[PDB]
């Protein structure tokens, strides 16, 4: 029923541990999920949620990825890692028929936040139906610790029925090619980070949002309303020193961003793409901040 992935669904950080072999088990499932209130959609998912599970490795880690396809699936599924140096991002040999299972190993060489998605023809459809996720490759030593870590991805829903219409919705190839989505969604559904799973922090907390755009067509202008990003890893790269003091960051489709900020004032904060007509199409996130008032910063 609930396809929305929780933002707080984040693996524990890698410490100062040495490189190792890491096993990953991803299962591609097609299920009917809640897109909006009264509206259901035919989702293609990794592990039954949109986006797919956030993965967390170190540089030098050999990732042993297993991809199983559910028996009741109607489509061939794969996975393309942006962290991988492999033909098709390793999806060349991960074309899995419903029922079967394939496995490859790849080594992470570049630190940063990378997008993963299904790379089965047609790729734009598989992504749009919700088959996208992120893989974080932490550098040697790891990221400096913060109080809160969140996992947010932007996606497009190309439903045949118009926005506002209740009932069963299927993918529209016409809208896809026209690049005209009916719904813009954070983490799968409408109000996934609003009514369903609102982000929560306390006054004085440093928040790190692992943001990425599944797409598959439109770029995002990521902005937390009421906050300025202290540090931004542009395109989600953890090699070049980050940008400092940014209001809005351009995140391309298949791209990432590591946005860090300190919360100083209590209240409600809004996660939006600053193409704010999309906020009327479900692209709205809520960050509740509880604590004492800070009159020196805001009165």
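Positions refer to the first chain, counted from 1.
Colleague: Going by the B-factors listed in the PDB entry, is the mean over the C-alpha atoms higher for 129-137 or for 159-167?
Modeller: If you average the C-alpha B-factors of 129-137 and of 159-167, the larger mean comes out for 159-167.
Colleague: On mean C-alpha B-factor from the PDB entry, just flag whether 111-119 or 74-82 is the higher one.
Modeller: That would be 74-82.
Colleague: Looking at 63, 251, 54, 246, which has the biggest Cα B factor in the entry?
Modeller: Top of the list by C-alpha B-factor: 63.
Colleague: Can you tell me which third, lowest, middle or highest, the CA B-factor of residue 257 falls into for its chain?
Modeller: Residue 257: CA B-factor falls in the lowest third of its chain.
Colleague: Looking at the entry's B-factor column for C-alpha atoms only, identify whether residue 266 ranks in the lowest, middle or highest third of its chain.
Modeller: For residue 266, the deposited C-alpha B-factor lands in the highest third.
Colleague: Can you work out whether the C-alpha temperature factor of residue 68 puts it in the lowest, middle or highest third of the chain?
Modeller: Its C-alpha B-factor belongs to the highest third of this chain's values.
Colleague: For residue 143, does the deposited CA B-factor place it in the lowest, middle or highest third of the chain?
Modeller: CA B-factor rank for residue 143: highest third.
Colleague: Name the third of the chain's ranked CA B-factors that contains residue 223, choosing lowest, middle or highest.
Modeller: Residue 223: CA B-factor falls in the lowest third of its chain.
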